[PDB]
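Colleague: Supplied in structure tokens, the structure appears directly below.
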Amino acid sequence: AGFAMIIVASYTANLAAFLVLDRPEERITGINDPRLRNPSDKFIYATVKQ
Amino acid sequence: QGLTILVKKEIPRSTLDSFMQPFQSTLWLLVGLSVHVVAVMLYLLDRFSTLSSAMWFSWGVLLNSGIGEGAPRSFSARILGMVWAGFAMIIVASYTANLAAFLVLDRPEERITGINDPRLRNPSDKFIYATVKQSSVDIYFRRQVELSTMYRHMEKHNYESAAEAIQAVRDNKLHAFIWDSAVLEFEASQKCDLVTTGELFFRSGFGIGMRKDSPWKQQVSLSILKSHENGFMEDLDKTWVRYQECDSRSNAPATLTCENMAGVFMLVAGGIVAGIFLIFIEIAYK
Amino acid sequence: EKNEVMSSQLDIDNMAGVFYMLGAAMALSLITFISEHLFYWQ
Amino acid sequence: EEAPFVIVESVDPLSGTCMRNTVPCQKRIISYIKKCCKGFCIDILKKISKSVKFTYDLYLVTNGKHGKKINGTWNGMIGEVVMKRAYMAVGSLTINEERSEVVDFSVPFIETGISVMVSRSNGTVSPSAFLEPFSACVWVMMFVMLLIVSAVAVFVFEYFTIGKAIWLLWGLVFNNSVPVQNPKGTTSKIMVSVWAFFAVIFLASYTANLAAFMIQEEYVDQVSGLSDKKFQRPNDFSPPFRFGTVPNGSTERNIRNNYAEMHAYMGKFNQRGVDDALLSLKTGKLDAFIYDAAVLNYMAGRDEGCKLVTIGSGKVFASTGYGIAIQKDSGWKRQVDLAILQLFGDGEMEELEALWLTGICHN
Amino acid sequence: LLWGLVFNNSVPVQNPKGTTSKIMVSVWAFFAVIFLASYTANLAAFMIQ
Ligand SMILES: *[C@@H]1O[C@H](CO)[C@@H](O[C@@H]2O[C@H](CO)[C@@H](O)[C@H](O)[C@H]2NC(C)=O)[C@H](O)[C@H]1NC(C)=O
Ligand SMILES: *[C@@H]1O[C@H](CO)[C@@H](O)[C@H](O)[C@H]1NC(C)=O
């Protein structure tokens, strides 16, 4: 039974962990977000012509 | 090498205070009352178609035990007990949630990082730091226009003895100290309670000096390079600046000690003695 | 970004409905007991 | 040509050579063809040309070698300042013993060595965690507490029992899930209630603390430097140990001369180019990469896949620096040295670092 | 019994019997435990906003 407790305990711990570091993405902040030093292909952005 | 700041470690295992902490006394007493409330409610519903037995049942189902054989005999007593237990679950659940929360945001302090940590734009009284009296590092202080303000604050408690700055942080009077690295990274590895700040400040390295154009100027530097090509300085370092080879740190999970957990054992002993205080009571009442 | 709370203790107002639903169930029990005292005719 | 330290660029079809803040670089290179060269060494050369007299124009290389020697005929980079076709040369050029004999060097300005690159393997949240969340205090505390309260239960029952009693009370703590029997007597029941209220908070506190150890995750495969067993034993521990280099490199001659004992193992792992390597790594085709960290550092803070980091930095193969070439037994060195030293004396090195040396993953 | 099972199944009860349906009850219990665990897991996050 001692072992038995550990299983469900660890289960709670892990499932909690999966919901705290569940941070999808940080929204881009200003010009100086260095993702916009040189961008990738998964993030498009521009201005209007002229 | 470069320039770097010395700090004292944290001794992290200092987090918890008690166990009644996450609530507030109000809620404690309130739920203690409400349990008797629903107890007598059930019993009065029972008399109108078991009293102490019913109170046992209810005040027990909180603490997950199984003592007591009672049950609801009516229909409404049953329809009540269900949501009673539903409520019961919520209490311990929230308790887990809160106590977890108290251990995740349990971040004592962030160690100071480099010169540009704006705490050292102008410091408070709870963080002292300076250089040694007349140490040449001050030369880059005054020759660089910015740190003048810091230079005034740095001039506050300048410890004039270089061999005493280690003691100054070792006495907790000082906590951080500005200096060169290649001595600090050796000093931290004596006892792991003294740590660096990791941020390199001013890029330069040492060397050998000869009077102007010795016959041995262009000569020995070839050796000092070639010697540095195979393994020499690395091994010599590991034999001279790797004493105790200590690792740095983590944001420690801060395992709990008896010293801040044992509070419940006081209640254990209290229940121990309440036993003998109650022993003769029921015998005499019979 | 806004730093986070240091895990304050818990207090009553936070646990707002956790007693109101209790009292509501209690009143439901009262009306069911009324229904019981009523059903003595069927 | 370079790593990012020296970037070439074509000519603007409208304004001829190209835009500002960039020195042209054109010559009768292949068969005269043009380009303009912008980058770090560019700005260093410009600040030098400021304080001292003017320079000549630029030039690029045909022998392709970063400075390799063969048959006494040094081919490539240095190979052009031995015939004094160029009075000196610049760019990201290493500093060794072989190259030092022919021509001289400036005082170096950027520290450098040879380090290791590998994807940050997830690899571990905890090797062993179950016992971590508690000190040995509370465990023996609980044991002595049960061992005495069992006796108190037996000896409050004086006014089937003993073994079953300890059985029940032990089982109580861990979820009290095991079905049991024999509680009785309206005197000791309250004691059991006490022990249960203790057990519930105990379990809750336990799982609470344990819900934190999974939020440290200081994962590291701290494979030590080039004196490592996995290096010493390239096949005694796993099949897919596959190092990687690019020969015709100063690093290559160094590693050969020192560690022929495994250099023969390496020859099966010579790629083409430099970014081919990082690609092969991002596919896991290659296990670990080794090269001068002078470019690995920069390449780190460039990719979104922040797993591409080094093992413990600084503790690298050999501490050398980047310098500036100069023809042997000339006079300029005495001035140029003081020049770059005064440059250090203005702090502008940190400025040009922030110009293009920072990386997103420097946190 | 089956209601009480979910919330910690703490309430003392009786009358399971018959070697045919017991396994169904086992199923429901294995469901209940993961249910509770998931619940308290998610709830262990709302206090971190
Ligand atoms: C190192 O440099 C040599 C010489 O540039 C490279 O070898 C050559 O490939 C060309 C292409 O046809 C041949 O004409 C040469 O004869 C080859 N040289 C030799 C010595 O065989 C070689 O590939 C380079 N290797 C690396 C790792 O850079
Ligand atoms: C780490 O994350 C990557 C990304 O999904 C995954 O492919 C890899 O298997 C994980 N573990 C290790 C040890 O790299």
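Count begins at 1; order follows the chain as displayed.
Yeah, the Cβs are placed from backbone N, Cα and C, and that goes for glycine too.
Sharing the features that Swiss-Prot gives for it:
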type     : residues                             : note
DISULFID : D:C18-D:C36                          : disulfide bond
DISULFID : D:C25-D:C37                          : disulfide bond
CARBOHYD : D:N71                                : N-linked glycosylation site
BINDING  : D:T94, D:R99, D:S250, D:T251, D:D292 : L-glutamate binding site
CARBOHYD : D:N122                               : N-linked glycosylation site
TRANSMEM : D:138-156                            : transmembrane segment
REGION   : D:164-183                            : region 'Pore-forming'
INTRAMEM : D:164-183                            : intramembrane segment
SITE     : D:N175                               : site 'Functional determinant of NMDA receptors'
TOPO_DOM : D:184-190                            : topological domain 'Cytoplasmic'
TRANSMEM : D:191-206                            : transmembrane segment
CARBOHYD : D:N248                               : N-linked glycosylation site
DISULFID : D:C306-D:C361                        : disulfide bond
Colleague: If the criterion is a C-beta within less than 6 angstroms of any ligand 2 atom, which of the recorded positions D:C37, D:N71, D:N175, D:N248, D:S250 pass it? List them in sequence order.
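Modeller: Near the molecule: none at all.
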Colleague: Where among the disulfide-bonded residues D:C36, D:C306 do you find the Cβ with the fewest other Cβ atoms within 10 Å?
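Modeller: D:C306, out of the disulfide-bonded residues D:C36, D:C306, has the fewest neighbouring Cβ atoms within 10 Å.
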Colleague: Do any residues of this chain, six or more beyond the ends of the topological domain 'Cytoplasmic' (D:184-190), have a C-beta under 8 angstroms from a C-beta of it, and if so which?
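Modeller: Cβ under 8 Å, 6 or more out: 153, 156-157, 159.
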Colleague: Taking the Cβ of D:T251 (L-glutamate binding site) as reference, which residues of that chain separated by at least 6 in sequence fall under 8 Å from it?
Modeller: D:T94, D:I114, D:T245, D:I290, D:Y291, D:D292, D:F317
Colleague: Which of the three DSSP states, helix, strand or coil, fits D:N122 (N-linked glycosylation site)?
Modeller: coil
Colleague: Anything from the recorded positions D:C25, D:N71, D:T94, D:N248, D:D292 with its Cβ under 6 A from ligand 1? List those in sequence order.
Modeller: D:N248
Colleague: Under a three-state reading of DSSP, tell me whether D:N71 (N-linked glycosylation site) is helix, strand or coil.
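Modeller: Coil, per DSSP.
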Colleague: Specify the nearest of the recorded positions D:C18, D:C36, D:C37, D:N71, D:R99 to D:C361 (disulfide bond), where nearness means the distance between Cα atoms.
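Modeller: Comparing Cα positions, the candidate nearest D:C361 (disulfide bond) turns out to be D:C37.
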Colleague: Pop the Cα-Cα gap between D:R99 (L-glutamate binding site) and D:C37 (disulfide bond) into the table, whole Å please.
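Modeller: Distance (Cα to Cα, whole Å): 25 Å.
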Colleague: Return only the integer: C-alpha distance in Å from D:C18 (disulfide bond) to D:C25 (disulfide bond).
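Modeller: Between the alpha carbons of D:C18 (disulfide bond) and D:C25 (disulfide bond) there are 11 Å.
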Colleague: Applying an 8 Å Cβ threshold (strictly under) against chain A, tell me which of the recorded positions D:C18, D:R99, D:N175, D:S250, D:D292, D:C361 fall inside, in sequence order.
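Modeller: Near chain A, the qualifying recorded positions are D:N175.
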Colleague: I need the least crowded one of these disulfide-bonded residues (D:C25, D:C37, D:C361), counting other C-beta atoms within 10 angstroms of each C-beta.
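Modeller: Per-residue Cβ counts within 10 Å for the disulfide-bonded residues D:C25, D:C37, D:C361 bottom out at D:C361.
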